[PDB]
Protein chains: 4
Amino acid sequence: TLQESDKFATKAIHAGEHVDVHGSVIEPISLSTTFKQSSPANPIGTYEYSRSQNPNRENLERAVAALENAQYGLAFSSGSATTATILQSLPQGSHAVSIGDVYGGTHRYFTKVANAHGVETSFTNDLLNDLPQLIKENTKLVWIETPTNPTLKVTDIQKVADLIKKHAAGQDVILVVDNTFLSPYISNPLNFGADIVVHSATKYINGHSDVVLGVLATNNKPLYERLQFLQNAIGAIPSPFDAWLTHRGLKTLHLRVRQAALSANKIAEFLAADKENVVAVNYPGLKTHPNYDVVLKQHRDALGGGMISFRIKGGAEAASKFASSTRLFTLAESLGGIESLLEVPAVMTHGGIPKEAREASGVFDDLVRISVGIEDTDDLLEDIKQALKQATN
Amino acid sequence: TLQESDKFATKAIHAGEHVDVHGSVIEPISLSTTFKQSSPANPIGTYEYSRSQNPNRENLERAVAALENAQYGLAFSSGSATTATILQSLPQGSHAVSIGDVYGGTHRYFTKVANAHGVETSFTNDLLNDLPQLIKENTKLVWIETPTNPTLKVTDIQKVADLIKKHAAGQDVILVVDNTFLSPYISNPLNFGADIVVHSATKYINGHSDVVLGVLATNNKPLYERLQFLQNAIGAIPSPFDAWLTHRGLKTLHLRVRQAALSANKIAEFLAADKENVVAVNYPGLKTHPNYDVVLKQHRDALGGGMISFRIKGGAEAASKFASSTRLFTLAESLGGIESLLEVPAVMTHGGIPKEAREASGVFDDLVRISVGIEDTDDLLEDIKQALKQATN
Amino acid sequence: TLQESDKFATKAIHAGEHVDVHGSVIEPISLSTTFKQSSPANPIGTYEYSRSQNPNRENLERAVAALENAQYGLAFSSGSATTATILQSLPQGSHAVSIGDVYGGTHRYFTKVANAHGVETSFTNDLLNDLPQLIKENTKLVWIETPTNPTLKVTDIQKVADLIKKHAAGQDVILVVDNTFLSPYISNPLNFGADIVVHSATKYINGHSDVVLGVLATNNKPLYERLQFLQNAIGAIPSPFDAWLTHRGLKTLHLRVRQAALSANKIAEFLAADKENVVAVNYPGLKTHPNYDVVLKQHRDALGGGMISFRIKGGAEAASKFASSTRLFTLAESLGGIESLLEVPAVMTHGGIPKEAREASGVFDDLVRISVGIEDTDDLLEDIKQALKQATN
Amino acid sequence: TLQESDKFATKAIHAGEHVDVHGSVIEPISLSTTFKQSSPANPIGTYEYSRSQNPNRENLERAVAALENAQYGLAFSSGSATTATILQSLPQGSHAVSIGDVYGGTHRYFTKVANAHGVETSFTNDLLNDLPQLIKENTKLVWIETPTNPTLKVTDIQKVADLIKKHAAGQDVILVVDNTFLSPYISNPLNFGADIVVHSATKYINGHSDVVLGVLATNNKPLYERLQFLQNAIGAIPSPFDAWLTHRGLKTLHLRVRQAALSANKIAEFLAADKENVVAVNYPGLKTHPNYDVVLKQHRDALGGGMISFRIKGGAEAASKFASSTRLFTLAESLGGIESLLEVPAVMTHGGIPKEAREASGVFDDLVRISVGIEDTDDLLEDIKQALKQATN
Ligand SMILES: *Cc1c(COP(=O)(O)O)cnc(C)c1O
Ligand SMILES: *Cc1c(COP(=O)(O)O)cnc(C)c1O
Ligand SMILES: *Cc1c(COP(=O)(O)O)cnc(C)c1O
Ligand SMILES: *Cc1c(COP(=O)(O)O)cnc(C)c1O
């Protein structure tokens, strides 16, 4: 096979194909540390040392770039190490801006590599209105997590990309978009003036919950050589095994996301018709979504994704309740898995954060977050129903 | 089993034991991303998210700590990520000192995390004499690679710890020892006034070269909690698979290192009587070793390790010769491999470092560096011989 | 989760659930050979010896049985060893009947286990008409490969089941149906008076062609107990890894096959309207299929499967041509791969069998066989076209 | 590397080397089902189909054969599958002979492929005295389990090979010897007139208790080609992963087996000087062993192995007691593991066999059988002591 501007599905199946003399339709698992060489100076095949590069990683990387309509890609130990290679690629003592509704990741990473006080950070909700007033103070990074977790607030990647060129032209301010929740299938941030697309491969891409891997894609060659250097040097790289496993699960990503999203929409609509036991509902798929205009311009076919957020006509109990009365959806952490899961950001995730903010940024104390899996739609829909009542009673 | 201050070998086999309701003698490979929870608040068992912690990694770490006579252990994606995690725990804008004869590692990591010019670095040969004059200039770390590659100079970990307490008491200067080549079986730096022990697990712990992973061990609960935070936050973590494989590999570590040492020594004694074709020989196990006194106070039973370094009765050729004529020792990089290898630091390794230094630090141009594996001693002894002449001829 | 007569998709996700005290959502890979015991008599948990039974294999077996709407399942090293265990459970020196359009598998296995001349074998095309005439001569087995490779002739599993109770009631003649190409999703032979369903898990269940493993399922307890005995005594079992990897791969079986089918169906009808370059088309999904009456009664939603067989308006070349000119369809062997493949049964497969037969059973010398993967539909449809011409010219 | 009649440890580390253009010092895991082809006729590399052959198996096979001082090797799903292929390779309606003290393996297998009543089987204890009288009755196979499990009775492979040439010249009676318990290291049955060496690689070869794989070796090219035939046709093949994991355990076979043996010997002497609490003790390494003369001619350095067997100065309780009072040894089935194990053949193993026999073959009801691992020797010795008293009190 040899792609030539085929469709997404065709690309998932063959992008990042491999090189085998034997003729293996399937890629082998190369865990080899080192490789023999023709002359001391240079190898008996493009590979010299695993960490520097190995076939499984390299190939998973070529695949994620393509799927992400990007020229380049790099896999790391996790999503956290990926965000972190980015932050440490920043000139010493810099500043970065990011949406509020973010994983504690930024909090963490942003700060750590900001050893003692290194990389400044000014969290900001509503990106398009405070970015100009904030765009400087040493800024060099703009971090957007398109659909926020759990509120699900979509952001206009283009309006941001522009607003930057405007309020900070000449100072190399790169824009990074976290595209984990939608996944390469639903959207491609680079196609909207984004310098780097970052994913937590643990979720959708691998999609089977058995690999903690992260990846980034960029069309900017220099920004990609720097970032790869840090990779080769700080060594927060992925295991040939995890890459290969992830590479394998991404081949059904288009299939798994399509299904996962239809179902989500069919579940949101249901919860958005029950004026009774359902207070608010969050799902970028609903035409009533606050930024549905962006959905239609960044989301393929306007798929809402697999995440749905909603608050019931009750309180913390009903929610903590729903989280258990459930039979098919499994209470836990994480998401984007092959199996349905549901979590209450407030308690589970957003812990060390006073209810003070868990009302402001959106994280309502009585909010139930859910990750739609690929189980039968009706078996799941009917299940959400069967659980509302329980909570109510 | 339940260890109770048993012997190294017993600990290698039962430290880091696992829990399994099915009563498995062998620890299963857990790749799950998440774990179910009884109540939104907390899990149906001690684990919540694989990156935060998972059975395979955690057991590996208890095992490594055990063998290192240490209370705590942490595993990461690689040696380089382990050194990294340590330098980024240092307060912003800090300095460190380290023996000259080091892997490019320090240079790299030390600088990278010293974003632009962050973590200072003053390399120094002969630690015990220039350390007091250097102990400041912003120093917070002293890095020691006990057996220097490839000169094989041994450093007294105690004298350095003491010297530190003297010329810089009151400044939390932590001492880290890279104990990779010797491995936990041959030495335990914590027992000599070292605050952290580092291992690139690929060489001898895993011992089969089929895994890139690194770990550290400490007795200091605070330093361990900080380091663990960065572990969870930057996410430069190992794959439950590479961790489980490495743990599997660790179980024959006492056997594998013991052998590799008896043979290295019996080989060193051979090259140490051939006054003809042998210029010099470097093996910490020879009673004629410069710091043999330190070998005696820090090396179990005085084993020298499996790394011999020697200079033949000729030059660049005779070495580049040997490096090939050999039948049993395989020309490449790396080491600590189960299989016998051989490398010429100068070329293969220390590249972009002008001959100027490659005669300074000790990295002689006509020096042959070998890594004794586990084949038959005599088969190996005899091969080294049949190899001298080739070179000669 | 705990299924309760849910839909296929839900079963595929939750059938064969595992048990683990750490509450992992994903089943761990258990490779362990043995299990600890409380007392000499019996284990500290349901398992005693891996080959006798281990969690990964057991859970897959339940999973497969469920998706196959059956009470029992058994996994072996391969399709072939699955067929053997069966043939070798037949009373010494017996006879069996099977549709001609069969893999060489029957040939081999049936023969081998028929040591020297043990298990008789009377291949017979057109089952329903000569089965009464051959039902005896020592028969004890009738082997149906529902969609014949490659002709794609569908057989009525009921009509045969009945015929048998007729021309041989009172002689335990077991009906075995190979349900590999269609897979549990498209059909369930048990629901049609079949004693055993077989699958070569390599193609569609594991799906990603990275595992050789076979399984069967039956509702018959005795037959299952004998078979399971041979399994434990000959030991032709798969490895816990191969089992887990297959299990992982089945979780998207419904998404994968449903797709491959709609695509296969859309590429048939195209090929089935080009009266010009297309002679005949073979796709159980066309309402013009010889046994489309049987397709409607046995195939779910009337899916045709992902196997299309057709003959262009030319000869050998044009076919061998097509098998190359194609860009998206990868020329090779096997099939039911995640990726589109095409083969010419005659050459590639049906070798050591004279053109004599290769015009009889239907294996036409100018017949193009293709397996539909999960690449984009139009990319593939458009590609078949792009291929027809090349061959033409 | 290129072996040239080097020593066992050298062959262990290099026999079975692989082919990689890249130059991997470490053999990669090839799971690929298939391989591409130069021309429809023959591939683009000596491999065409995984089953017919794949690198990981083949390389394993080469290594085992080499360690077994043999020309040929063949791996299978299990020891059982390996015994199975051998029995089904026999001419329809044959007879075999094997030592009484055997694993239910002959029993099951010998009988199964002996469909209904196919391959005869006359179990005999004391081989050299009843072999002439039984040698016929249709016999074609003579199965010898050198050290019997668990009495630990040694048999003279030469006396029996000879005895066969005398009482049955001309009838191709092949002699197979189960070399599992001693392993390639301690003995090489072919060098003693044996036509086939069988091993359960689950035990000492892989030796980490995470793989069920069996392998045989023979110098007889015709017997090897028939047997490989059945292999390819029945499909009871090992997986690429299990072969790879095993090959990786075999690299320390000589170090592990060397240690397990010294320990078991030092433990047997202890139990053979405790006139008080130890009735009898079975260990082929004690000069007082009934067949010590054979030991000294078949066993390397006269190593007794890792399996001891003994009866305590009490009865059934004292034993069941011992089997639990132990801290370091682990009560379970199996053996040859890296970690110590202990079992009571009577109950655990030999269940469905009336006490009647369990006093005949020697499987005394008050007999404790132990599998010495590689933990420290004194820790284990001191642990056996500490447990005799427990059983006593
Ligand atoms: C889960 C998640 C992460 C964490 O990824 P790791 O690979 O687990 O570090 C980061 N970002 C988002 C948006 C996530 O949902
Ligand atoms: C090989 C080596 C390392 C490198 O470890 P990685 O896991 O590959 O980063 C570190 N230290 C020493 C002393 C080594 O020899
Ligand atoms: C490929 C195939 C087989 C072979 O299966 P193995 O797992 O290689 O033994 C058997 N049956 C069908 C119908 C196949 O398509
Ligand atoms: C354990 C054992 C077997 C069984 O091997 P499998 O690989 O489980 O079939 C056969 N023979 C002996 C002598 C054993 O010790």
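Note: hydrogens, waters and symmetry copies are ignored here, and every other heavy atom, side chains too, is used. So that the names make sense, note that chain A is the first sequence line, chain B the second, and so on, each numbered from 1. Just so you know, ligand 1 is whichever comes first in the structure, and atom 1 is the first atom listed for that ligand.
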C:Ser80 and C:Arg108 side chains, donor-acceptor separation under 3.5 Å
yes
Could you check ligand 1 for N or O atoms lying under 3.5 Å from protein N or O atoms and list the pairs with distances?
residue	atom	partner	partner atom	Å
ligand 1	5 (O)	A:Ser200	OG	2.7
ligand 1	7 (O)	A:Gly79	N	2.7
ligand 1	7 (O)	A:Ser200	OG	3.2
ligand 1	7 (O)	A:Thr202	OG1	3.4
ligand 1	8 (O)	B:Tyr49	OH	2.8
ligand 1	8 (O)	B:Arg51	NE	3.2
ligand 1	8 (O)	B:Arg51	NH2	3.3
ligand 1	9 (O)	A:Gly79	N	3.2
ligand 1	9 (O)	A:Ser80	N	2.9
ligand 1	9 (O)	A:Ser80	OG	2.8
ligand 1	9 (O)	B:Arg51	NE	3.3

With distance as the sole criterion, is a donor-acceptor pair present between the side chains of A:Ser98 and A:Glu145 under 3.5 Å?
no
Do we see a donor-acceptor contact under 3.5 Å between the side chains of B:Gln231 and B:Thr85?
no
Indicate whether the side chain of D:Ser50 and that of D:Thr33 have a donor and an acceptor atom separated by less than 3.5 Å.
no
Check the pair D:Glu48, D:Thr34 against side chain to side chain donor-acceptor pair (under 3.5 Å), reporting the backbone distance first and the verdict last.
CA-CA 6 Å; D:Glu48 49 176 51; D:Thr34 38; over 6 Å; no
Side chains of B:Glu343 and B:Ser371: is there a donor and an acceptor less than 3.5 Å apart?
no
